[PDB]
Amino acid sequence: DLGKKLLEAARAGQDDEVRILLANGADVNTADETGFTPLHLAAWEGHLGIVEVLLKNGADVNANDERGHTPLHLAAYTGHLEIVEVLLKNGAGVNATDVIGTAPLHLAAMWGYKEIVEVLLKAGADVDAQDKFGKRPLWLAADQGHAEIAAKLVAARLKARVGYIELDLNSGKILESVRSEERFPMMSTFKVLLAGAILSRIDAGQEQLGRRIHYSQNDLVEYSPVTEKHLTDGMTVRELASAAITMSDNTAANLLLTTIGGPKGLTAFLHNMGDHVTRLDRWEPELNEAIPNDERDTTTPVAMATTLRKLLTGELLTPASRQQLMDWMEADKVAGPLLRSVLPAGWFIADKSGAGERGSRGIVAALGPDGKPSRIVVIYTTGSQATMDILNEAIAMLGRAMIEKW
């Protein structure tokens, strides 16, 4: 009797009628044919006031319908932030799963409710919750092209800071950004900047691609896949550049650094072209230590992205050197598992990845469809204790989101 009245009053957003009905002894936890309660319907319809009145009158905050949907599920599905928060405050199960394994975080992530994802994660939502069909929030967000949400889920999964930025090549317009102004260890991504500094000296006639560099077995550092094979005859600047970028040859990077005056030399080159943030302080491999709150050998996503854009399309380098820099990055062969792994057929990518200690991982890239680069993307993370496979996957999923949003 009063139950039908309360259910439709709650659904209809009739605040005063709900108060009257409950005051006349109506069952606050009455259920319809499918198990929906007044709280379900109020949460679904966005009736914040009524949601609060129902809970004040002792509504079951975690009531299930036939299919296991809770009020929180419905609020998440419908994007009613304030209601989500009230439900959690009143003891809503943040990790409640319906009959097919869907949690509220699946729904918030799928429908792109950024703030609701934030609130759910902070309330203790399991980021890697898998439904009956194997789907996870990160995967839903990525397939939907919700890149910002994807970054949040990656950070929660890795339990680490994640920074990224995406800018237009022609205009320089920042198109996407998360923690783009925070510092992250550069790792081997710095090598693209080193390359630019070398090419600059070449433009000035102070260096030659064909100049031969002789070094000793004592100069070798972990790892020296190319340089360790040419200790007798040495290698040209050109050959060292290719090895550093495309083969991540650390000794090659160090040898090229020496020619510009070490980490101080690169930092001076950077400062002089307008990057007052990016700094290199150490050589390979020590620069990858990624000590927490250590500003040595760090950049910000925007600083790196801006600097990289200036080298590739700006006036810092000649067209010849500009092209050579891009070419070295396109011929990158030690960056399989990140952006290249989720890049659609026919797309262009020129990139450089980096890995270090304390889950440090990152990538800089110029990419785009139709065989031409049209945007720069930079992604960094550090602090995670995750395995290397999980780091790679997480960053790949982040790129999978960006490509979807493209």
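Heads up: residue numbers just count along the shown sequence, starting at 1.
K.L.:
When the Cα temperature factors in the entry are averaged, is it 51 to 59 or 360 to 368 that ends up higher?
P.N.:
So the stretch with the higher mean C-alpha B-factor is 51 to 59.
K.L.:
Between 369 to 377 and 41 to 49, which has the higher average C-alpha B-factor in the PDB entry?
P.N.:
In the deposited entry, the stretch with the higher C-alpha B-factor mean is 369 to 377.
K.L.:
Quick one: which of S248, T278, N254, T227 shows the highest Cα temperature factor in the PDB entry?
P.N.:
Most elevated C-alpha B-factor of the set, per the entry: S248.
K.L.:
Which of these, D128, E239, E82, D297, has its C-alpha atom at the highest B-factor, as the entry lists it?
P.N.:
The C-alpha B-factor peaks, among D128, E239, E82, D297, at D128.
K.L.:
According to the PDB entry, is the CA B factor of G354 in the bottom, middle or top third of its chain, that is, lowest, middle or highest?
P.N.:
CA B-factor rank for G354: lowest third.
K.L.:
Within this chain's modelled residues, let me know which third the CA B factor of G262 belongs to: lowest, middle or highest.
P.N.:
As the PDB entry reports it, the C-alpha B-factor of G262 lands in the middle third of its chain.
K.L.:
By the record's CA B-factor, is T78 among the lowest, middle or highest third of residues in the chain?
P.N.:
Its C-alpha B-factor belongs to the lowest third of this chain's values.
K.L.:
Among the modelled residues of this chain, does the Cα B factor of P301 put it in the lowest, middle or highest third?
P.N.:
Answer is middle: the recorded C-alpha B-factor places it there.
K.L.:
Should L107 be placed in the lowest, middle or highest third of its chain by the C-alpha B factor in the entry?
P.N.:
Within its chain, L107 is a lowest-third residue by C-alpha B-factor, going by the deposited values.
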